[PDB]
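In: below you'll find the sequence and an experimental structure to go with it.
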Amino acid sequence: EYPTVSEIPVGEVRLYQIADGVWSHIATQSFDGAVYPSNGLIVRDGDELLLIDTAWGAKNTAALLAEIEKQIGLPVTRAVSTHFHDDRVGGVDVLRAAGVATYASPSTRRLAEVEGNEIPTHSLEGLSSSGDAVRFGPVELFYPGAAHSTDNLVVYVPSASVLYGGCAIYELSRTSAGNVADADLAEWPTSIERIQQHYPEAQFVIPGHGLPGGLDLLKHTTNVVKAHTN
Ligand SMILES: O=C(O)c1cccc2c1C(=O)N(Cc1c(F)cccc1Cl)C2
Ligand SMILES: [Zn+2]
Ligand SMILES: [Zn+2]
């Protein structure tokens, strides 16, 4: 069973096998007077691992690295953060200290700095216009356009048909819009249309927070966003 928020103490990290060579990582953090769960991705990259997103802070990200070593035992050599919020970049300094080369788009890096969050080291080229895609080892990085944030990226693992939607995609049980302070509500449905057009064969869809599903999460998110606007 996919681990839920009440099952993970703050400071612990779980790994969940999605497909051969693909895991999600699940952590929890104090936020908005509560504790929330948060997902990232781990993808086998030959003899190394590619990490998608931190585990929401330095302490959790240290626990993530320890759990990866215990359960997988291959080195994390690169990480990509999919937008500038702290659930995506908080912990990049720990990753760097562990030998991980950390990456994000130039926009994400600038936005993180202004927000006071940690800053991935390296800039990803080729992702500045909506619909841009680039290969990054065993994944494709895709910029669908503004949605939950202006900089949000999605990640596709072609060998496993896994679409990591990040925070632009809501889990099914989230039926009202969450944090829209950094969102583009008018563009978000169109950005989801771009994701659907690009990845119609996705078999697993991972949201930034909560339970994985399938491509049904895309239409669900569109419906939630539009209901907020209407
Ligand atoms: O999108 C959501 O509604 C959502 C749901 C669960 C958890 C989070 C968000 C969200 O927007 N986070 C960003 C954030 C923030 F906005 C302010 C301070 C710190 C941070 Cl990590 C965290
Ligand atoms: Zn966010
Ligand atoms: Zn988020």
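Out: Great, that's in hand. Residues are numbered from 1 along each chain as shown. Ligands and ions are numbered 1, 2, ... in the order given.

In: what does this protein put close to ligand 1?
Out: Applying C-beta under 6 Å from any ligand atom, one finds that the chain approaches ligand 1 through 31, 36, 85-87, 148, 167, 178-179, 209. Every C-beta, even on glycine, is put in place using the N, C-alpha and C of the backbone.

In: filter those down to just the ones in helices.
Out: Mapping these onto helices (DSSP state H) picks out 86-87.

In: filter the residues of the chain next to ligand 1 down to just the buried residues.
Out: Buried members of these, counted by 16 or more other C-beta atoms under 10 Å: 36, 85-87, 148, 167, 178, 209.

In: helix, strand, or coil at residue 70?
Out: Assigned with DSSP: H, G, I helix; E, B strand; the rest coil, residue 70 falls in the helix class.

In: repeat for residue 155
Out: Following three-state DSSP, the label given to residue 155 is strand.

In: for the residue nearest to it when sequence neighbours are not counted, give the beta-bridge partners.
Out: Closest residue in space to residue 155, ignoring its immediate chain neighbours: residue 164 at 4.2 Å, by C-beta to C-beta, 6 or more residues apart in numbering. Note on residue 164: beta-bridge partners by DSSP bridges are residue 155, residue 206.

In: quick one: the one residue in the chain that gets nearest to ligand 2 and residue 214, what's the gap?
Out: Taking C-beta to the ion, ligand 2 has its nearest neighbour within the chain at residue 85, 3.4 Å off. As judged by C-beta to C-beta, to the nearest Å, residue 85 and residue 214 stand 25 Å apart.

In: show me what from this structure comes close to ligand 3.
Out: 87, 167, 208 (C-beta under 5 Å from the ion).

In: ligand 1: which of these is nearest?
Out: residue 87 (4.1 Å; C-beta to the nearest ligand atom).

In: in space, what's closest to the closest one - neighbours in sequence excluded?
Out: Using C-beta to C-beta, 6+ apart, the closest residue to residue 87 is residue 56 (4.2 Å).

In: hmm, residue 27 and the one you found touching each other?
Out: Yes. Here residue 56 reaches residue 27: they are 5.4 Å apart, a contact under C-beta atoms under 8 Å.

In: which neighbours do these two share?
Out: Contact criterion C-beta atoms under 8 Å, 6 or more residues apart in numbering; residues bridging residue 56 and residue 27 by contacting each: residue 38.

In: all strands of the protein, in order?
Out: With strands called from DSSP state E, the chain shows them at 14-19, 22-31, 34-45, 48-52, 76-80, 101-104, 122-123, 132-136, 139-143, 154-157, 162-166, 204-207.

In: the third one: partners in the sheet, and parallel or antiparallel?
Out: Pointing back at strand 34-45 there. Partners of strand 34-45 in the sheet, by DSSP bridges, are strand 22-31 (antiparallel), strand 48-52 (antiparallel).

In: give me the buried stretch members for it, please.
Out: Neighbour-count burial for strand 34-45 [16+ other C-beta under 10 Å]: 36-45.
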